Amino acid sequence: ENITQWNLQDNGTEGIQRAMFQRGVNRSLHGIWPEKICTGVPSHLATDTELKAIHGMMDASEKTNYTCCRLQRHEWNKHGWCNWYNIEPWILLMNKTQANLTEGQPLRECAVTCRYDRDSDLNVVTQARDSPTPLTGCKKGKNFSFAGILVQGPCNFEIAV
């Protein structure tokens, strides 16, 4: 039911993806998304010490030099507080998910957004998730590159039939 999405390295894509490439990071968690989006005052303000505990997750914000904690706080506020109720189980979940992503190619990895590279003739995956979704920037009949791993389809498993 919850969508897990993450960023993948790509020097050709300015922002988080280029920063990950330079830092030798292959996969960095974006968020864990239940159906219910949080509205209003969070039940708890996510501190930098708390958010830093999700080891290896990079901020999408250039203002923190892609470290912590603008993306992390935004994720707790928009998707965390109203569904997890307390910060401790959400940090342990976000951190276990990132620790799993750092290991390499996940069991379920589907492209979300691409940057088509004319030189290598590949759909360089900039964001992926654990379930298939309509693509953005991915060119039809071109193979996908998930932080170096070549896959002919949009997922590292079969969807169709």
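Numbering starts at 1 and follows the sequence shown.
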Checklist entry - Which of the two stretches, 118-126 or 103-111, shows the higher mean Cα temperature factor in the record? => result 118-126
Item to check | Higher-B stretch (mean Cα B-factor, as the entry records it), 21-29 or 136-144 | outcome: 136-144
Checklist entry - Highest CA temperature factor in the entry: which of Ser43, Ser61, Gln98, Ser131? => result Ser61
Next on the checklist: Could you place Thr49 in the lowest, middle or highest third of its chain by Cα temperature factor, using the values in the record?
Outcome noted: lowest
Checklist entry - When the modelled residues of the chain are sorted by Cα temperature factor, does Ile159 land in the lowest, middle or highest third? => result highest
